[PDB]
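**Student:** This is target.csv (CSV, C-alpha atoms and all ligand atoms).
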```csv
chain,number,residue,atom,x,y,z
A,459,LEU,CA,224.5,332.0,145.7
A,460,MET,CA,225.8,329.3,143.4
A,461,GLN,CA,229.3,330.3,142.0
A,462,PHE,CA,230.9,328.4,139.1
A,463,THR,CA,234.4,327.1,140.2
A,464,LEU,CA,237.2,325.5,138.1
A,465,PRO,CA,240.0,323.1,139.2
A,466,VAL,CA,243.2,324.9,140.5
A,467,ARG,CA,245.2,324.6,137.2
A,468,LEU,CA,242.2,325.8,135.0
A,469,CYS,CA,241.3,328.7,137.4
A,470,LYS,CA,244.9,330.1,136.9
A,471,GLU,CA,245.6,329.1,133.3
A,472,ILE,CA,242.2,330.3,131.8
A,473,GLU,CA,243.4,333.9,132.6
A,474,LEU,CA,246.4,333.3,130.1
A,475,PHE,CA,245.7,334.2,126.4
A,476,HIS,CA,247.3,330.8,125.2
A,477,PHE,CA,244.9,328.6,127.4
A,478,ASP,CA,243.6,325.5,125.6
A,479,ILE,CA,240.1,324.5,126.9
A,480,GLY,CA,241.0,320.8,126.7
A,481,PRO,CA,239.4,317.6,125.3
A,482,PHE,CA,236.6,317.2,127.8
A,483,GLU,CA,233.5,318.5,125.9
A,484,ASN,CA,231.3,318.2,129.0
A,485,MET,CA,233.5,320.9,130.8
A,486,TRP,CA,233.1,323.5,128.1
A,487,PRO,CA,229.7,324.8,129.2
A,488,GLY,CA,231.0,325.3,132.8
A,489,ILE,CA,234.2,327.0,131.4
A,490,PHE,CA,231.9,329.4,129.3
A,491,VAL,CA,229.5,330.2,132.2
A,492,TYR,CA,232.6,330.9,134.5
A,493,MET,CA,234.0,333.3,131.9
A,494,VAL,CA,230.5,335.1,131.6
A,495,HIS,CA,230.2,335.3,135.5
A,496,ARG,CA,233.7,336.9,135.7
A,497,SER,CA,233.8,339.1,132.5
A,498,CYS,CA,230.2,340.2,132.8
A,499,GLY,CA,228.8,339.4,136.3
A,500,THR,CA,226.7,336.7,138.0
A,501,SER,CA,223.6,339.0,137.5
A,502,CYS,CA,224.1,339.5,133.7
A,503,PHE,CA,222.0,336.3,132.9
A,504,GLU,CA,219.5,333.9,134.6
A,505,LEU,CA,221.7,330.7,134.9
A,506,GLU,CA,218.8,328.4,133.8
A,507,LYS,CA,218.2,330.4,130.5
A,508,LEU,CA,222.0,330.7,129.9
A,509,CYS,CA,222.5,326.9,130.3
A,510,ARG,CA,219.4,326.2,128.1
A,511,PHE,CA,220.8,328.6,125.5
A,512,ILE,CA,224.4,327.1,125.7
A,513,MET,CA,223.1,323.6,125.1
A,514,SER,CA,220.9,324.7,122.1
A,515,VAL,CA,223.9,326.5,120.6
A,516,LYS,CA,226.0,323.3,121.1
A,517,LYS,CA,223.3,321.2,119.3
A,518,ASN,CA,223.4,323.5,116.2
A,519,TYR,CA,227.2,323.2,115.7
A,520,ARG,CA,228.0,320.2,113.4
A,521,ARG,CA,230.5,317.3,113.7
A,522,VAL,CA,233.2,319.0,111.5
A,523,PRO,CA,237.0,318.9,111.9
A,524,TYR,CA,237.5,322.6,112.8
A,525,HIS,CA,234.5,324.9,112.6
A,526,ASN,CA,232.9,323.1,115.6
A,527,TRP,CA,231.7,323.6,119.2
A,528,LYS,CA,235.3,323.5,120.5
A,529,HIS,CA,236.2,326.4,118.1
A,530,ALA,CA,233.1,328.4,119.4
A,531,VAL,CA,234.3,328.1,123.0
A,532,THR,CA,238.0,328.6,122.1
A,533,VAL,CA,237.1,331.9,120.3
A,534,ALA,CA,234.9,333.0,123.3
A,535,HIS,CA,237.8,332.3,125.6
A,536,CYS,CA,240.2,334.5,123.6
A,537,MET,CA,237.5,337.2,123.8
A,538,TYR,CA,237.3,336.6,127.7
A,539,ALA,CA,241.2,337.2,127.9
A,540,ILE,CA,240.9,340.5,125.9
A,541,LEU,CA,237.9,341.8,127.9
A,542,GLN,CA,239.5,340.8,131.3
A,543,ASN,CA,242.8,342.6,130.5
A,544,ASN,CA,241.0,345.7,129.0
A,545,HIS,CA,238.1,345.8,131.5
A,546,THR,CA,237.7,349.7,131.7
A,547,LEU,CA,237.3,350.0,127.9
A,548,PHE,CA,234.0,348.1,127.3
A,549,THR,CA,230.3,348.8,128.2
A,550,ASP,CA,227.7,346.7,130.1
A,551,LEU,CA,226.0,345.7,126.8
A,552,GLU,CA,229.4,344.9,125.1
A,553,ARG,CA,230.4,342.4,127.9
A,554,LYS,CA,226.9,340.8,127.6
A,555,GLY,CA,227.0,340.6,123.7
A,556,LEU,CA,230.6,339.8,122.8
A,557,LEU,CA,231.0,336.3,124.6
A,558,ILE,CA,227.6,335.3,123.2
A,559,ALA,CA,228.7,336.6,119.7
A,560,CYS,CA,231.9,334.4,119.9
A,561,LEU,CA,230.0,331.3,121.1
A,562,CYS,CA,227.5,331.7,118.2
A,563,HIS,CA,229.8,333.1,115.5
A,564,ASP,CA,230.1,329.8,113.4
A,565,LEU,CA,226.6,328.3,114.2
A,566,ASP,CA,225.6,325.5,111.7
A,567,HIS,CA,229.0,325.7,109.8
A,568,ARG,CA,229.4,322.7,107.4
A,569,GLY,CA,233.2,323.3,106.9
A,570,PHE,CA,232.8,325.2,103.5
A,571,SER,CA,233.8,328.7,102.5
A,572,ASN,CA,231.5,331.4,101.1
A,573,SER,CA,233.2,330.7,97.7
A,574,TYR,CA,232.2,327.0,97.7
A,575,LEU,CA,228.6,327.9,98.5
A,576,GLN,CA,228.6,330.5,95.5
A,577,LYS,CA,230.2,327.9,93.1
A,578,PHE,CA,227.9,325.2,94.4
A,579,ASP,CA,224.9,327.6,93.9
A,580,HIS,CA,223.7,326.8,97.5
A,581,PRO,CA,220.4,328.4,98.5
A,582,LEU,CA,222.2,330.4,101.2
A,583,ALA,CA,224.2,332.2,98.4
A,584,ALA,CA,220.8,333.3,96.9
A,585,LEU,CA,219.6,334.5,100.4
A,586,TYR,CA,222.9,336.3,101.4
A,587,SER,CA,225.0,337.6,98.4
A,588,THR,CA,227.9,338.7,100.7
A,589,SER,CA,229.3,337.3,104.0
A,590,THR,CA,227.0,334.3,103.2
A,591,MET,CA,227.8,331.9,106.1
A,592,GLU,CA,228.3,334.8,108.5
A,593,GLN,CA,224.7,336.1,107.8
A,594,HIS,CA,223.5,332.5,108.2
A,595,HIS,CA,225.4,332.3,111.6
A,596,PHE,CA,223.6,335.4,112.8
A,597,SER,CA,220.2,334.2,111.6
A,598,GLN,CA,220.8,330.9,113.5
A,599,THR,CA,221.6,333.0,116.6
A,600,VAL,CA,218.3,335.0,116.3
A,601,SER,CA,216.3,331.6,115.9
A,602,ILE,CA,217.9,330.2,119.1
A,603,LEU,CA,217.3,333.5,121.1
A,604,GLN,CA,213.6,333.2,120.0
A,605,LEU,CA,213.0,329.6,121.4
A,606,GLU,CA,210.8,329.3,124.5
A,607,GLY,CA,212.9,329.9,127.7
A,608,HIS,CA,216.0,331.0,125.6
A,609,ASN,CA,215.7,334.9,125.8
A,610,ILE,CA,218.9,335.4,127.8
A,611,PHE,CA,218.5,339.2,127.4
A,612,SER,CA,214.9,339.2,128.8
A,613,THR,CA,215.7,341.8,131.5
A,614,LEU,CA,217.0,344.3,128.9
A,615,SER,CA,214.7,347.1,127.6
A,616,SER,CA,213.5,346.9,124.0
A,617,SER,CA,216.1,349.5,122.9
A,618,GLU,CA,218.9,347.7,124.9
A,619,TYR,CA,218.0,344.4,123.4
A,620,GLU,CA,218.2,345.9,119.9
A,621,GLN,CA,221.6,347.5,120.7
A,622,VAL,CA,223.1,344.1,122.0
A,623,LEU,CA,221.7,342.2,118.9
A,624,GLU,CA,223.4,344.9,116.7
A,625,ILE,CA,226.7,344.3,118.6
A,626,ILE,CA,226.3,340.5,118.0
A,627,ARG,CA,225.3,341.0,114.3
A,628,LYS,CA,228.3,343.3,113.5
A,629,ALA,CA,230.7,341.1,115.6
A,630,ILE,CA,229.6,337.9,113.8
A,631,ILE,CA,229.7,339.6,110.3
A,632,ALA,CA,233.3,340.8,111.1
A,633,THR,CA,234.5,337.2,111.3
A,634,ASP,CA,234.2,337.2,107.4
A,635,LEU,CA,238.0,337.3,106.8
A,636,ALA,CA,237.2,339.0,103.4
A,637,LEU,CA,236.0,342.1,105.4
A,638,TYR,CA,239.1,341.9,107.8
A,639,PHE,CA,241.6,343.4,105.2
A,640,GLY,CA,239.6,346.7,104.8
A,641,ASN,CA,238.8,347.0,108.6
A,642,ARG,CA,242.5,346.6,109.6
A,643,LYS,CA,243.6,349.1,106.9
A,644,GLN,CA,241.1,351.7,108.3
A,645,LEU,CA,242.2,351.0,111.9
A,646,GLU,CA,246.0,351.3,110.9
A,647,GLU,CA,245.4,354.7,109.2
A,648,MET,CA,243.2,355.9,112.1
A,649,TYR,CA,245.9,354.9,114.7
A,650,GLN,CA,248.8,356.4,112.7
A,651,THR,CA,247.0,359.8,112.0
A,652,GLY,CA,245.9,359.7,115.8
A,653,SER,CA,242.2,360.0,114.7
A,654,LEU,CA,240.9,356.7,116.3
A,655,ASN,CA,238.2,357.6,118.9
A,656,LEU,CA,236.7,354.9,121.1
A,657,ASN,CA,233.8,357.4,122.0
A,658,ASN,CA,232.9,357.1,118.2
A,659,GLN,CA,230.4,354.2,117.7
A,660,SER,CA,231.6,353.6,114.0
A,661,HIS,CA,235.2,353.3,115.5
A,662,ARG,CA,234.0,351.0,118.3
A,663,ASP,CA,232.5,348.8,115.6
A,664,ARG,CA,235.9,348.5,113.7
A,665,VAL,CA,237.8,347.8,117.0
A,666,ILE,CA,235.3,345.0,117.9
A,667,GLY,CA,235.6,343.7,114.3
A,668,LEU,CA,239.4,343.4,114.8
A,669,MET,CA,238.9,341.8,118.2
A,670,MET,CA,236.6,339.2,116.5
A,671,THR,CA,239.3,338.5,113.7
A,672,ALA,CA,241.9,338.1,116.5
A,673,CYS,CA,239.7,335.7,118.5
A,674,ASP,CA,238.7,333.7,115.4
A,675,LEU,CA,242.3,333.2,114.3
A,676,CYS,CA,243.6,332.6,117.9
A,677,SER,CA,244.9,329.1,117.1
A,678,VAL,CA,248.1,331.0,115.8
A,679,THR,CA,248.4,332.5,119.4
A,680,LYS,CA,248.5,329.1,121.3
A,681,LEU,CA,251.6,327.1,122.3
A,682,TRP,CA,253.2,325.5,119.3
A,683,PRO,CA,251.7,321.9,119.8
A,684,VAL,CA,248.1,323.3,120.0
A,685,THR,CA,248.9,325.5,117.0
A,686,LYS,CA,250.3,322.6,114.9
A,687,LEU,CA,247.5,320.1,115.9
A,688,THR,CA,244.7,322.7,115.2
A,689,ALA,CA,246.3,323.3,111.7
A,690,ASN,CA,245.6,319.6,110.8
A,691,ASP,CA,241.9,320.2,111.6
A,692,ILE,CA,241.8,323.5,109.5
A,693,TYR,CA,243.4,321.7,106.5
A,694,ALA,CA,241.1,318.6,106.9
A,695,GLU,CA,238.2,321.0,106.1
A,696,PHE,CA,240.2,323.0,103.4
A,697,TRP,CA,241.0,319.7,101.6
A,698,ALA,CA,237.4,318.4,101.8
A,699,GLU,CA,236.3,321.7,100.2
A,700,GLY,CA,239.0,321.2,97.5
A,701,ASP,CA,237.7,317.7,96.8
A,702,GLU,CA,234.2,319.3,96.4
A,703,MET,CA,235.6,322.0,94.1
A,704,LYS,CA,237.2,319.2,91.9
A,705,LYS,CA,233.8,317.5,91.8
A,706,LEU,CA,232.3,320.7,90.3
A,707,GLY,CA,235.1,320.6,87.7
A,708,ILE,CA,236.8,323.7,89.2
A,709,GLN,CA,240.6,323.8,90.2
A,710,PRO,CA,240.7,324.5,93.9
A,711,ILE,CA,243.1,327.2,95.2
A,712,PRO,CA,246.4,325.6,96.6
A,713,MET,CA,245.5,325.7,100.3
A,714,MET,CA,242.4,323.4,99.5
A,715,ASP,CA,244.4,320.9,97.4
A,716,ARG,CA,245.3,317.8,99.5
A,717,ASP,CA,248.0,317.0,96.8
A,718,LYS,CA,249.8,320.3,97.8
A,719,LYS,CA,250.3,319.1,101.5
A,720,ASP,CA,254.1,319.4,101.3
A,721,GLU,CA,253.7,323.3,100.7
A,722,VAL,CA,251.6,323.7,104.0
A,723,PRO,CA,254.6,325.1,106.0
A,724,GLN,CA,255.2,327.8,103.3
A,725,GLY,CA,251.4,328.5,103.1
A,726,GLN,CA,251.3,329.0,106.9
A,727,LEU,CA,254.3,331.4,106.6
A,728,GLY,CA,252.4,333.4,103.9
A,729,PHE,CA,249.3,333.5,106.2
A,730,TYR,CA,251.3,334.7,109.3
A,731,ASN,CA,252.9,337.4,107.2
A,732,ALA,CA,249.8,338.6,105.2
A,733,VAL,CA,247.0,338.2,107.9
A,734,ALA,CA,247.9,337.1,111.5
A,735,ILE,CA,251.0,339.3,112.3
A,736,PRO,CA,249.4,342.5,110.9
A,737,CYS,CA,246.1,341.6,112.8
A,738,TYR,CA,247.7,341.2,116.3
A,739,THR,CA,250.1,344.1,115.5
A,740,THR,CA,247.1,346.5,114.9
A,741,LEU,CA,245.2,345.0,117.9
A,742,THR,CA,248.3,345.5,120.2
A,743,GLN,CA,248.6,349.1,119.0
A,744,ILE,CA,245.0,349.8,120.1
A,745,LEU,CA,244.8,347.4,123.2
A,746,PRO,CA,248.4,347.1,124.5
A,747,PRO,CA,247.5,344.4,127.1
A,748,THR,CA,246.7,342.0,124.1
A,749,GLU,CA,250.6,341.9,123.5
A,750,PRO,CA,250.8,338.2,124.5
A,751,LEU,CA,248.7,337.3,121.4
A,752,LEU,CA,251.2,339.0,119.1
A,753,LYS,CA,254.3,337.5,121.0
A,754,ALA,CA,252.8,334.0,120.7
A,755,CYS,CA,252.0,334.6,116.9
A,756,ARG,CA,255.7,335.6,116.3
A,757,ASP,CA,256.9,332.5,118.2
A,758,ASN,CA,254.7,330.2,115.9
A,759,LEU,CA,255.9,332.2,112.8
A,760,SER,CA,259.4,331.2,113.9
A,761,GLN,CA,258.2,327.5,114.4
A,762,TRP,CA,256.9,327.4,110.8
A,763,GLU,CA,260.3,328.8,109.5
A,764,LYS,CA,262.0,325.9,111.5
A,765,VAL,CA,259.6,323.4,109.7
A,766,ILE,CA,260.6,325.0,106.3
A,767,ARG,CA,264.4,324.6,107.2
A,768,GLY,CA,263.9,320.9,108.1
A,769,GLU,CA,264.6,321.4,111.9
A,770,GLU,CA,260.9,320.3,112.7
A,771,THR,CA,258.4,317.8,111.1
A,772,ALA,CA,254.6,318.2,110.2
B,1,LIG,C1,239.8,330.5,106.8
B,1,LIG,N1,240.6,330.2,107.9
B,1,LIG,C2,239.9,329.4,108.9
B,1,LIG,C3,241.9,330.5,108.0
B,1,LIG,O1,242.5,331.1,107.0
B,1,LIG,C4,242.8,330.2,109.1
B,1,LIG,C5,242.5,330.3,110.5
B,1,LIG,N2,243.5,329.9,111.3
B,1,LIG,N3,244.5,329.5,110.4
B,1,LIG,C6,245.7,329.0,110.9
B,1,LIG,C7,244.1,329.6,109.1
B,1,LIG,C8,244.9,329.2,108.0
B,1,LIG,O2,245.7,328.3,108.1
B,1,LIG,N4,244.8,330.0,106.9
B,1,LIG,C9,245.5,329.7,105.7
B,1,LIG,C10,245.5,330.8,104.7
B,1,LIG,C11,246.2,330.7,103.6
B,1,LIG,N5,246.9,329.6,103.3
B,1,LIG,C12,247.6,329.2,102.1
B,1,LIG,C13,248.1,328.0,102.4
B,1,LIG,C14,248.8,327.1,101.4
B,1,LIG,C15,248.8,325.7,101.6
B,1,LIG,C16,249.4,324.9,100.6
B,1,LIG,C17,249.8,325.5,99.5
B,1,LIG,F1,250.4,324.7,98.5
B,1,LIG,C18,249.8,326.8,99.3
B,1,LIG,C19,249.2,327.6,100.2
B,1,LIG,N6,247.6,327.5,103.6
B,1,LIG,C20,246.9,328.5,104.1
B,1,LIG,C21,246.2,328.6,105.4
B,2,MG,MG,233.2,331.7,110.4
B,3,ZN,ZN,235.4,331.0,113.4
```
With the file now loaded, output its structure as structure tokens.
**Tutor:**
Amino acid sequence: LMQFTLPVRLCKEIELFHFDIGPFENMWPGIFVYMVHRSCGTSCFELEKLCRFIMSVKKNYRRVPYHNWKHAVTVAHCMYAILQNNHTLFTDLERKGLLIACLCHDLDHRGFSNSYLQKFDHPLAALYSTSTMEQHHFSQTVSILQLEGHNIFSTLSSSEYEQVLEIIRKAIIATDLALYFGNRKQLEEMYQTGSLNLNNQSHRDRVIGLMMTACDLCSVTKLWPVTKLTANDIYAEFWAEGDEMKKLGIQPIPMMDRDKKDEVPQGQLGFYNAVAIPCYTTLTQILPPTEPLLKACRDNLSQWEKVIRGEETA
């Protein structure tokens, strides 16, 4: 059999939650296949169809600062680490669906929020009133799955195929941060009343939703230099959207105004306190082996406080 192998450093370090997939684009497909073979199994997919699928997915990501092919693979890798360290908790179909969902979750992203598309009156806002881009991302996933030689689930029954596409749809839609706030509240109450039940499919859906938020935001769980450098790419997009909001004669929110760049450290602080820390806190409560994500989030929260006190530059 042909078994994907990684260099010695990558082989060890890919198992760590804070792994950076590196600047070599051409290695990312191999890194993804390796993660599928270990998290799912070498018999989960035909290698030729998976490779064809990977390259078609890559081609439908755009040359944008942040919401790009590197983000897709980075998000899948965070999902890999969660699956590997919680391997008894997930099903055959969930391992198949969830790495694919992560790879595909920002397909055809142009670097603009759902809000910009609504204000711009983009056709996608007419087609999908809520979770606009996320419904677009899923649609793009269905299109690619339906290309000749791209049915990577061809061995699944009709009913299993439908289940996995439903895992992928719900996982992709969960990456709408607007939905995260409600989902985390429900999970927090369920955990704290001791009512959360992983044998309940509506509960599994919420847990996978949280996992998808955690994976999508995972730049806050990297080592500080990766965290800081990724934040430049995030803001590069936010500021381009703010420019576009100004062009429509609309005041952009502060995070999207390139003139407000000196307030970034305080905005980061607000984001760690309102979104990130609660997210990885609730995830750790449910999946205790995800602890390193929360530990690394607290470490970066401390780093942003050092930037605010003038003991670090950005
Ligand atoms: C949507 N995405 C991708 C994310 O939210 C996302 C994912 N990963 N990360 C790290 C983010 C992220 O940085 N979010 C935020 C969220 C709120 N903010 C508010 C401010 C702020 C800036 C200047 C100012 F003057 C006032 C406030 N800056 C942010 C940044
Ligand atoms: Mg997205
Ligand atoms: Zn994303």
**Student:** Using only C-alpha atoms, which residue out of A:597, A:532, A:545, A:585 lies closest to residue 566 of chain A?
**Tutor:**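 With only C-alpha atoms as the atom set, the closest residue is A:597.
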**Student:** Interatomic distance between atom CA of residue 586 of chain A and atom CA of residue 572 of chain A?
**Tutor:** 9.9 Å
**Student:** List every residue of chain A that has an atom at most 12 Å from any atom of ligand MG 2 (chain B), giving for each one its closest atom pair and the distance in Å to one decimal, counting only C-alpha atoms and all ligand atoms, sorted by chain and then by ascending residue number, as a Markdown table.
**Tutor:**
```
| residue | atom | partner | partner_atom | distance |
| --- | --- | --- | --- | --- |
| A:519 | CA | B:MG2 | MG | 11.7 |
| A:524 | CA | B:MG2 | MG | 10.3 |
| A:525 | CA | B:MG2 | MG | 7.3 |
| A:526 | CA | B:MG2 | MG | 10.1 |
| A:529 | CA | B:MG2 | MG | 9.8 |
| A:530 | CA | B:MG2 | MG | 9.6 |
| A:533 | CA | B:MG2 | MG | 10.6 |
| A:559 | CA | B:MG2 | MG | 11.4 |
| A:560 | CA | B:MG2 | MG | 10.0 |
| A:561 | CA | B:MG2 | MG | 11.2 |
| A:562 | CA | B:MG2 | MG | 9.7 |
| A:563 | CA | B:MG2 | MG | 6.3 |
| A:564 | CA | B:MG2 | MG | 4.7 |
| A:565 | CA | B:MG2 | MG | 8.3 |
| A:566 | CA | B:MG2 | MG | 9.9 |
| A:567 | CA | B:MG2 | MG | 7.3 |
| A:568 | CA | B:MG2 | MG | 10.2 |
| A:569 | CA | B:MG2 | MG | 9.1 |
| A:570 | CA | B:MG2 | MG | 9.5 |
| A:571 | CA | B:MG2 | MG | 8.5 |
| A:572 | CA | B:MG2 | MG | 9.5 |
| A:589 | CA | B:MG2 | MG | 9.4 |
| A:590 | CA | B:MG2 | MG | 9.9 |
| A:591 | CA | B:MG2 | MG | 6.9 |
| A:592 | CA | B:MG2 | MG | 6.1 |
| A:593 | CA | B:MG2 | MG | 9.9 |
| A:594 | CA | B:MG2 | MG | 10.0 |
| A:595 | CA | B:MG2 | MG | 7.9 |
| A:596 | CA | B:MG2 | MG | 10.6 |
| A:629 | CA | B:MG2 | MG | 11.0 |
| A:630 | CA | B:MG2 | MG | 7.9 |
| A:631 | CA | B:MG2 | MG | 8.6 |
| A:632 | CA | B:MG2 | MG | 9.1 |
| A:633 | CA | B:MG2 | MG | 5.7 |
| A:634 | CA | B:MG2 | MG | 6.3 |
| A:635 | CA | B:MG2 | MG | 8.2 |
| A:636 | CA | B:MG2 | MG | 10.9 |
| A:637 | CA | B:MG2 | MG | 11.9 |
| A:670 | CA | B:MG2 | MG | 10.2 |
| A:671 | CA | B:MG2 | MG | 9.7 |
| A:673 | CA | B:MG2 | MG | 11.1 |
| A:674 | CA | B:MG2 | MG | 7.7 |
| A:675 | CA | B:MG2 | MG | 10.0 |
| A:692 | CA | B:MG2 | MG | 11.9 |
```
**Student:** Taking all atoms listed in the file into account, produce a table as a Markdown table in which each residue of segment 537-629 of chain A with an atom at most 10 Å from an atom of segment 704-714 of chain A appears once, together with its shortest atom pair and the distance in Å to one decimal, ordered by chain and rising number.
**Tutor:**
```
| residue | atom | partner | partner_atom | distance |
| --- | --- | --- | --- | --- |
| A:574 | CA | A:710 | CA | 9.6 |
| A:577 | CA | A:706 | CA | 8.0 |
| A:578 | CA | A:706 | CA | 7.5 |
```
**Student:** Pick out the residues sitting within 9 Å of residue 461 of chain A, and hand them over as a PyMOL selection string; count all atoms listed in the file, and ignore anything fewer than 5 positions along from it in its own chain.
**Tutor:** chain A and resi 492+495+500
**Student:** Counting all atoms listed in the file, figure out which residue out of A:654, A:552, A:575, A:514 gets nearest to residue 601 of chain A.
**Tutor:**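 For residue 601 of chain A, the nearest of the candidates is A:514.
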**Student:** Within 8 Å of residue 531 of chain A, counting only C-alpha atoms, which residues qualify if same-chain residues fewer than 3 places away don't, as a VMD selection string?
**Tutor:** chain A and resid 479 486 490 527 to 528 534 to 535 560 to 561
**Student:** Can you tell me which residues sit at most 7 Å away from ligand LIG 1 (chain B), counting only C-alpha atoms and all ligand atoms, written as a VMD selection string?
**Tutor:** chain A and resid 675 677 to 678 689 692 712 to 713 718 to 719 721 to 722 724 to 726 728 to 729
**Student:** Determine the nearest neighbour of residue 748 of chain A from the options A:690, A:612, A:679, A:543, counting only C-alpha atoms.
**Tutor:**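 Nearest to residue 748 of chain A: A:543.
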**Student:** With distances taken over all atoms listed in the file, which residue among A:613, A:651, A:703, A:536 lies nearest ligand ZN 3 (chain B)?
**Tutor:** A:536
**Student:** Record the distance separating atom CA of residue 600 of chain A and atom CA of residue 580 of chain A, expressed in Å with one decimal.
**Tutor:**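 Going from atom CA of residue 600 of chain A over to atom CA of residue 580 of chain A, I get 21.2 Å.
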